[PDB]
Amino acid sequence: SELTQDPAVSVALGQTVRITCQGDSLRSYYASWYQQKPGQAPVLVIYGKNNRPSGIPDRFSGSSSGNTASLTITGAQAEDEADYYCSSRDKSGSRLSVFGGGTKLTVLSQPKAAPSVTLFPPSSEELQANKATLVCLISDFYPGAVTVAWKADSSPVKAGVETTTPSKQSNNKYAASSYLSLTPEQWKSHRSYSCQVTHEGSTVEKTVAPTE
Amino acid sequence: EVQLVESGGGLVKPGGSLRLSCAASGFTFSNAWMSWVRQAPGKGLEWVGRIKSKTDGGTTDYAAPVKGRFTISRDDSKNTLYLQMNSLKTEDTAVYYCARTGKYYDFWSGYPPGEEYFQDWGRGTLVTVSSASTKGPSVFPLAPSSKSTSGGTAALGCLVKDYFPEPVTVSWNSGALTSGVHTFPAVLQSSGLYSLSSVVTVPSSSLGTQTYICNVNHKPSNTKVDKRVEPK
Amino acid sequence: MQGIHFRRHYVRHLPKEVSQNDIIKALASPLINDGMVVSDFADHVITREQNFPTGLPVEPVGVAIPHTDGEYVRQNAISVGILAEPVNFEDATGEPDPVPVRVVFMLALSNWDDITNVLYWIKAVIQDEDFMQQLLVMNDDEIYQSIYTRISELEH
């Protein structure tokens, strides 16, 4: 679209971070900023010429330069970790509005943790319904930059694999899940299946077998 | 104090019509501007349209992909906003939000007609445009065993498989079990249906005594499933 | 864009004993007489001047653009006033230093698109430096002439 943002930016807890929005119409109009937490509706943060609604911390502040707009958080807190969108006119002279691509702010807020991995073989009830699904649960890790791999015996598989992006749990750590869809014949014809999780150079592999 | 409630979202076949409503409370709805913004699942915000107050002429504006098809009309008499969607396409599948629009113009550095910001946002209503038909979920157990355990704590859950459309709400023991419960986001399988998981962390000692039931709710199909999860 | 109505008695010179409230009274008064604005229009103009000052530190003489929301305006209108002595208006951009003002442009616009356009054109007229010098000598009958000519061009 007209307004372009950085897809993802990470900052250390208690330090300053700048999110930038670039567009041609920004040379004529200001841009507002919206913060969206997971599973929540967006909320306004900065609008106009550094105007801030009531109830918004004073560490939030907006600026502008040429065809770019900026949102600056001075001393980032854990509560500021969310998605940020800029909004402004599409072109000069218009009465339409346009949002930016969005920016995922990652506030490295608490210490690193190795992921706990649990692999669920297909239930007997599911196999009796002519279906087979491996459910791999990854929980209690920080930061949330993992890669999931599956193995039929010792050979990898990516088809039939889908993995949810890591989300925060109640204890403010991260959790994710990955699924492998198989046929009941595929499940019975291999020695074992494995779920490999890689987190910061450290790999954890859980393995299930049909004869177990 | 300011509240905006959206309603009317559901599954619509491609080419069909759907009307959304927005109840406004906590301000002077007759003077405030009103906008519709949508967000496809896993995507960013996209501005749909905006209607002005009767003071400012009551003009309406629409984004390019919805102009002519979508129509915004307000009703100051009952403090309600409407979004009439016609000729719905797959691309219109999104959570639709209702937002109160503010006005701004800097005298020294502003260009008419100024800038429009969105102060208050409703919670959003989900609209799904798909030729695929509704389907209730299948709930399979994710039982723990003497290998799936992690010392004193054990992980058990349920696999809510093959349902359409979103969403599915999951509870445990009729809401009495919320400590250690985590419900993962849905995933889109090869059939085009949705699947998610709900796991609860549980002490391994109470795996032969206490019973565990996951409660699945899928309102778009009017289905509720209570699945018992036993070990082994 | 429904026309900016202008009359002769919408321009007057103010005495030397005027403060910020005295000005807003005298300038609004012809607008409420002709049904342009609500009865308590001076109240809503004074309220917005407390929250959003309109003092403009323009050269050589500062100016003020007192206005309010377009919700309290029936018909578009303008009222002008010239002051015998500089009267303090607070800066519009936020500097704590006030602004001496001798020319005041009360703007009474009815919808948002007209506020943005007229306010943008106002920024150009206050930069007409050779006009900001002759505004303080022209009397109430002639100030009409020059200032009304620039209203008849706005319909473009």
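If you check the PDB entry, chain B appears there as 10E8-IGL1 Fab heavy chain from Homo sapiens. For this entry, the PDB title field holds "Crystal structure of 10E8-GT4 scaffold in complex with a human 10E8 inferred germline (10E8-iGL1)".

Looking up chain A in the PDB entry gives the name 10E8-IGL1 Fab Light Chain, with the organism given as Homo sapiens.

### Overview of the layout of surface pockets
Here the second largest pocket is characterised by a volume of approximately 1500 Å³. Together, 46 residues line the second largest pocket, and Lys103(B), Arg48(C), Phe52(C), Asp69(C) and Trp112(C) are the ones closest to its centre. Counting only elements with at least two residues in the lining of the second largest pocket, the list comes to β9 (94–104) and β10 (115–121) of chain B together with α2 (41–51) and α3 (112–125) of chain C. Considered class by class, the residues forming the lining of the second largest pocket number 18 nonpolar, 19 polar and nine charged.

### Observations regarding helix α5 (residues 140–152) of chain C
Residues and elements named next belong to chain C. For α5, spanning 13 residues, the distance from its first C-alpha to its last is 19 Å, which sits close to the expected 18 Å at 1.5 Å a residue. Helix geometry: α5 is bent most strongly at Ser146, by close to 25°. Every buried residue belonging to α5 is among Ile143, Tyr144, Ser146, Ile147 and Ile151, and all of these are buried. By the N-cap criterion, in which a side-chain oxygen at the helix start approaches the backbone nitrogen of a residue two or three places on, α5 is capped by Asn139, the distance to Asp141 being 3.1 Å.

### Topic: the pairing of strand β3 (residues 18–25) of chain B
Residues and elements named next belong to chain B. Only one face of β3 is covered, namely the one carrying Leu18, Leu20, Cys22 and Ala24; the face carrying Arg19, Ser21, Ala23 and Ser25 has none of its residues buried. Note: strand β1 (residues 3–7) against β3, five bridges, orientation antiparallel. For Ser7, the partnering residue across the bridge sits in β3 and is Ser21. In terms of strand pairing, β3 meets strand β8 (residues 80–85) through six bridges, oriented antiparallel. Along β8, the bridge assignment pairs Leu18 with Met85.

### Some remarks on the interface of chain A and chain B
Contact residues are listed per partner, giving 40 residues for chain A and 49 residues for chain B. Within the residue set of the side of chain A that touches chain B, elements represented by two or more residues are β4 (32–36), β8 (83–89), β9 (97–99), β11 (116–120), α1 (124–127), β12 (132–141) and β17 (174–182) of chain A.

### Description of the sheet that holds strand β14 (residues 155–157) of chain A
Residues and elements named next belong to chain A. Pairing within the open sheet is antiparallel, and its four strands lie in the order β14-β13-β18-β19. Among the strands making up the open sheet, the edge pair consists of β14 and β19 (202–208). With direction set aside, neighbouring strand axes in the sheet form an average angle of 30°. Taken together, the seven bridges between strand β18 (residues 193–199) and β19 define a ladder with antiparallel strand orientation. Bridge pairing in β19 places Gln196 opposite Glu205.

### Quick look at the domain arrangement of chain A
All names here are of chain A. When cut into domains, chain A gives domain 1 (1–109) and domain 2 (110–212). The straight-line distance from the C-alpha centre of domain 1 to that of domain 2 is 36 Å. Taken together, the contact pairs four residues of domain 1 with four residues of domain 2. Summed over both sides, the interface of domain 1 with domain 2 buries roughly 330 Å², with 42% coming from carbon and sulfur. A per-residue breakdown of the area domain 1 buries against domain 2 is headed by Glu81, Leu108 and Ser109, which together make up 79% of the total. Along the contact surface separating domain 1 from domain 2 lie zero salt bridges. Along the contact surface separating domain 1 from domain 2 lie three residue pairs in polar contact.

### Description of the domain arrangement of chain B
Residue and element names in this part refer to chain B. Here the domain parsing of chain B yields domain 1 (1–131) and domain 2 (132–232). Taken over C-alpha atoms, the centre of domain 1 sits 35 Å from the centre of domain 2. In this complex, domain 1 contributes five residues to the contact, which on the side of domain 2 involves six residues. When the two sides are added together, the surface that domain 1 and domain 2 hide from each other amounts to roughly 440 Å², 62% of it contributed by carbon and sulfur. It is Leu11, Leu126 and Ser131 in domain 1 that bury the most area against domain 2; as a group they hold 68% of the surface buried on that side. Where domain 1 packs against domain 2, one counts zero salt bridges. Along the contact surface separating domain 1 from domain 2 lie one residue pair in polar contact. Of the residues that constitute the side of domain 1 that touches domain 2, the class distribution is two nonpolar, three polar and no charged.

### Remarks on the packing of aromatic side chains
For the coordinates displayed, the defined rule picks out 21 aromatic pairs over all chains. Ring geometry for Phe118(B) versus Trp121(B): centroids 5.8 Å apart, planes at 70°, classification edge-to-face. For the pair formed by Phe118(B) and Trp121(B), the shared burial category is buried. An aromatic cluster of three or more residues is present, and its members are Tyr34(A), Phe99(A), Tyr97(B), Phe118(B) and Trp121(B). In this structure, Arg19(B) is placed above the aromatic ring of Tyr82(B), and the distance from its NZ or CZ to the ring centre is 5.1 Å. Over the aromatic face of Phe29(B) sits the side chain of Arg74(B), whose NZ or CZ is 4.9 Å from the ring centroid.

### Observations concerning the state of the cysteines
Note on terminology: disulfide describes a covalent bond linking the sulfur atoms of two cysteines. Residue and element names in this part refer to chain A. Applying the stated rule across the entire model yields four disulfides over all chains. Through a disulfide, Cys136 is tied to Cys195; the S-S separation comes to 2.0 Å. An S-S torsion of about -90° defines the bridge between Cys136 and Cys195 as left-handed. Of this pair, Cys136 sits in strand β12 while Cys195 sits in strand β18, placing them 59 residues apart in sequence. With respect to class, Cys136 is no different from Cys195; both count as buried. In chain B, the bonded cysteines, taken in the order they occur along the sequence, pair up as 1-2, 3-4.

Reading guide: rules and limits
- The residue numbers you see begin from 1 on each chain and track the sequence as written, which may not match the entry, and residues missing coordinates are not shown.
- Chains carry letters and ligands carry numbers; both start at the beginning, A for chains and 1 for ligands, and go up in the order they are written.
- With hydrogens and water excluded, all non-hydrogen atoms of the structure serve as input to the side-chain values.
- Residues with missing side-chain atoms are left out of burial classes, side-chain pairs and their counts.
- Lining residues are those with an atom within 4 Å of a point, where the points come from a 1 Å grid over the protein atoms alone and group into cavities, where a 1.4 Å probe fits but cannot get out, or pockets, open sets with protein on both sides within 12 Å along at least five of seven lines.
- Grid points are joined across faces, edges and corners, and a volume is the space filled by probe spheres set on the points.
- Secondary structure elements are taken from DSSP: a helix is a run of H or I of four residues or more, a strand is a run of E of two residues or more, and numbering for both begins at the N terminus.
- All amino acids are sorted into three groups, where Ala, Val, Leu, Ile, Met, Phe, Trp, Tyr, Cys and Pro are nonpolar, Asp, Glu, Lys and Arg are charged, and the leftover types, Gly among them, are polar.
- Helix span is expected to be 1.5 Å times the residue number reduced by one.
- Note on bend: at a given residue it equals the angle between the axes fitted to the 7 residues ending there and to the 7 starting there.
- Three labels apply to residues, based on accessible area from a 1.4 Å probe with only protein chains included: buried if under 20% of the type maximum, exposed if over 50%, partly exposed otherwise in between.
- Distance and chemistry together define a polar contact, namely a pair of N or O atoms within 3.5 Å, with one atom able to donate a hydrogen and the other to accept it when in protein, and with adjacent residues in sequence counting only for side-chain atoms on both sides.
- At least two DSSP bridges between two strands are required for those strands to pair.
- Throughout, a residue-residue contact means that at least one pair of heavy atoms, one from each residue, lies within 4.5 Å.
- Axis definition: a line fitted to C-alpha atoms, over the contacting stretch in the case of helices. Angles run 0 to 180 degrees between N-to-C directions.
- As used throughout, domain bounds are those supplied by an automatic or database domain assignment.
- Summed over both partners, the accessible area lost on bringing two parts together, with a 1.4 Å probe, is the buried area.
- We define a salt bridge as a contact between a side-chain nitrogen of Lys or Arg and a carboxyl oxygen of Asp or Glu at a distance within 4 Å.
- Two aromatic rings from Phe, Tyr or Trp, using only the six-membered ring of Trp, form a pair when their centres are within 6.5 Å; if the ring planes differ by under 30 degrees the pair is stacked, by over 60 it is edge-to-face, and anything between is tilted.
- The criterion is that NZ of a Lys, or CZ of an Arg, lies within 6 Å of the ring centre and within 35 degrees of the ring normal, and then a charge sits over that ring.
- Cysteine sulfur atoms are paired as a disulfide whenever they come within 2.5 Å of each other.

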